[PDB]
Amino acid sequence: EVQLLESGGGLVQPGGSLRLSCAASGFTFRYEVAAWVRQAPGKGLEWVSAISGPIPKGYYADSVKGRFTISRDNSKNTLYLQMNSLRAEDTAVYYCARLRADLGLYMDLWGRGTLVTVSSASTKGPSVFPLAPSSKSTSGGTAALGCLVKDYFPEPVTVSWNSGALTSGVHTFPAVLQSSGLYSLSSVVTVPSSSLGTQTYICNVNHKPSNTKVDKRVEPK
Amino acid sequence: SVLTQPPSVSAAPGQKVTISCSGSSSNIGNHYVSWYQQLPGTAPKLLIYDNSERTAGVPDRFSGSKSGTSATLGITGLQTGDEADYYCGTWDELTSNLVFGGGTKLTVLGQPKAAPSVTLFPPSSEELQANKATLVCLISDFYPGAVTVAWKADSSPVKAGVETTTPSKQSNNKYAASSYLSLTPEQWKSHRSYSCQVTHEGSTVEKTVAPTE
Ligand SMILES: [Cl-]
């Protein structure tokens, strides 16, 4: 699989430091794992930094000049972004991209992105509440049940059902950002109403940023 | 953003659309333009590089041109799959920056309208034990992707403690949203019922829940 594996993102206090890594996978070294691009939630793509070779040279956006340093271990084809004196407005998804030149410049391969959050608020693990199947809202031969994943920071959170066994009928809704600065989301599964007595329903919630893991059994009443 | 694109464009399936990208001599004037497709909550994907060249796997119906300090992305045979944010990119020799357009949101129109499915959940015993109460109103399978939400305590409107998400495209190309009402356990207990009313293209779908104690 031709890909760029990112790491080193996460939550940092204002004024803090992160080192992003971008490891090339499935292709040979050609000095092209060479660009960092970021995207604030809701906003456009903002180019941050690039590196040239074989003679090393760093290029930087005005907004990061002096605070960020691009480098690459050529022998391990790993691109780095050292980020010092991180500001609130540096909060964004950071993509590394393979930068190439034919006639002109283009970025033909992007990492999946890593969320950098710059905030004085510390991480908070979710409270997980069962959304019980209702004794009337049982839509004839089906019932809705789910889990409320309440009051966590920052994103992301993962929800599975019955340890990955249950995928059909599952709808995990995008999170709401509450005024409190904490996220909530709901995961609902539509299931046969005959199975409610017999079949067990467990929502498995994982909040990596707070190292929080909750299994919540969802039963009627 | 240093390059200027229209915020949004739209057309019905099978038709064609153009997305302009406006710049200056130091960027588009003297350098090659790339176009990036971004689907919601995923990494950008290269469609077009060197003004007009398609990346491997990208079909002919996607085309790019450049004229002076402007670039154009053309999309024919419009599919619902083509709904995405489109960004032009180039080099700016004045600032020595890679630069981007602000992005253009492409909408595919004339898809069949559908009213929202609403499921309303009352507060869990467990949450009430924690001296909290959240009503969860879950709204799915509506098109176009816009709804208004109104919460009632018995018959009377309630504005306070409402948190609603923006609509988001599901995997079946219809939209989903959630609304949460925060209450005290005392507020939840003191009323006969609470309602989530969802209005979509002039029709209201309502769900009601009551304290079962
Ligand atoms: Cl490379």
Side-chain angles (χ1 to χ4, degrees), chain A residues 4 35 37 39 42-50 59-62 93 95 97-113 127-132 134-135 137 139 144-148 150-151 171 173-180 184-186 188 190 216 218 221, chain B residues 1 5 31-34 36 38 40-46 48-51 53 55-56 85 87 89-91 95-103 119-127 130 132 134 136-140 163-168 170-171 176-180 182 207 209 212:
Chain A
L4 300 175
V37 180
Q39 188 173 36
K43 308 313 186 137
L45 298 177
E46 195 198 353
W47 172 82
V48 168
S49 183
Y59 296 82
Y60 302 97
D62 287 350
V93 178
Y95 303 94
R98 195 164 65 178
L99 182 60
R100 311 181 67 188
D102 191 9
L103 281 36
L105 292 161
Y106 64 102
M107 290 170 284
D108 76 336
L109 178 66
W110 299 64
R112 299 222 207 176
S127 306
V128 180
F129 298 112
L131 302 174
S134 142
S135 337
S137 322
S139 189
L145 60 84
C147 281
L148 171 56
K150 186 156 166 45
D151 289 344
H171 188 166
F173 285 70
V176 65
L177 179 46
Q178 301 166 88
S179 52
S180 81
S184 286
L185 67 68
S186 304
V188 172
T190 317
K216 185 59 55 161
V218 184
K221 173 229 85 65
Chain B
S1 291
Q5 313 177 215
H31 298 97
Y32 285 88
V33 171
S34 302
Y36 306 92
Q38 193 175 28
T42 75
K45 195 182 79 163
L46 183 67
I48 294 282
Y49 71 100
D50 282 353
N51 297 342
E53 305 301 315
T55 54
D85 292 327
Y87 293 91
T90 199
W91 179 253
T95 55
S96 295
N97 283 227
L98 282 164
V99 294
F100 288 107
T119 306
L120 181 56
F121 283 112
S124 56
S125 300
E126 182 173 317
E127 191 184 16
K132 279 285 204 293
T134 311
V136 184
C137 185
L138 301 175
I139 316 169
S140 53
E163 302 277 4
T164 303
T165 70
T166 61
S168 75
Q170 294 163 208
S171 79
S178 30
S179 194
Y180 299 79
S182 292
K207 252 53 201 289
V209 289
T212 290

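Side-chain atoms are counted along with the backbone in the values below, which use heavy atoms only and exclude waters and symmetry mates. A note on names: the letters A, B, ... follow the listed sequences, proteins ahead of strands, and every chain is numbered from 1.
Looking at B:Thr212, neither its backbone nor its side chain comes within 4.5 Å of chain A, counting heavy atoms on both sides. Proximity to chain B (any heavy atom under 4.5 Å) is restricted, for A:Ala132, to the backbone atoms N, CA, C and O. The parts of A:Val176 that come within reach of chain B are both its backbone and its side chain, each placing non-hydrogen atoms under 4.5 angstrom from that chain. Proximity to chain B (any heavy atom under 4.5 Å) is shown, for A:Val218, by neither the backbone nor the side chain. Residue contact with chain B, scored on non-hydrogen atoms closer than 4.5 Å, involves the backbone of A:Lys43 exclusively. Contact of B:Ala177 with chain A is made through the backbone alone, with heavy-atom distances under 4.5 Å. Heavy atoms closer than 4.5 Å to chain A are found in both the backbone and the side chain of B:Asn97. Of the two parts of A:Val37, only the side chain, counted from C-beta on, holds a non-hydrogen atom closer than 4.5 Å to a non-hydrogen atom of chain B. Contact annotation for B:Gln170: only side-chain heavy atoms (C-beta onward) come within less than 4.5 Å of a heavy atom of chain A. Of the two parts of B:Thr165, the backbone and the side chain both hold a non-hydrogen atom closer than 4.5 Å to a non-hydrogen atom of chain A. Of the atoms belonging to B:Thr164, it is backbone heavy atoms, and not side-chain ones, that fall under 4.5 Å from chain A. Using a 4.5 Å cut-off between heavy atoms, B:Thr119 contacts chain A through its side chain alone, with no backbone atom that close. Both the backbone and the side chain of A:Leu103 come within contact range of chain B, with heavy atoms under 4.5 Å apart. Within the 4.5 angstrom heavy-atom criterion, only backbone atoms of A:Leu177 (N, CA, C, O) approach chain B.
Shortest non-hydrogen contact noted between B:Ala176 and A:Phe173 is CB-CE2, 4.0 Å. Of all the heavy atoms in A:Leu148 and B:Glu127, the pair that sits closest is CD2-OE1, 4.4 Å.
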Inset, instruction - Could you give me the CA-CA distance, side-chain angles and deciding distance for A:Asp102 and B:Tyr49, then say whether side chain to side chain contact (heavy atoms under 4.5 Å, CB included) is met? - result: CA-CA 9 Å; A:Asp102 191 9; B:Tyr49 71 100; 4.3 Å; yes
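With chain B as the partner, the residue from A:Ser127, A:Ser179, A:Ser137, A:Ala50 showing the most heavy-atom pairs under 4.5 Å is A:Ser179. Residue with the most contacts toward chain B among A:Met107, A:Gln178, A:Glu46: A:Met107 (heavy-atom pairs, distance under 4.5 Å). Counting heavy-atom pairs under 4.5 Å between each of A:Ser134, A:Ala144, A:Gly113 and chain B puts A:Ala144 at the top.
Taking CZ of B:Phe121 as the reference point, atom CG of A:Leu145 lies at 6.5 Å (rounded to 0.5 Å).
A side-chain donor from one of A:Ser186 and B:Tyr180 sits under 3.5 Å from a side-chain acceptor of the other.
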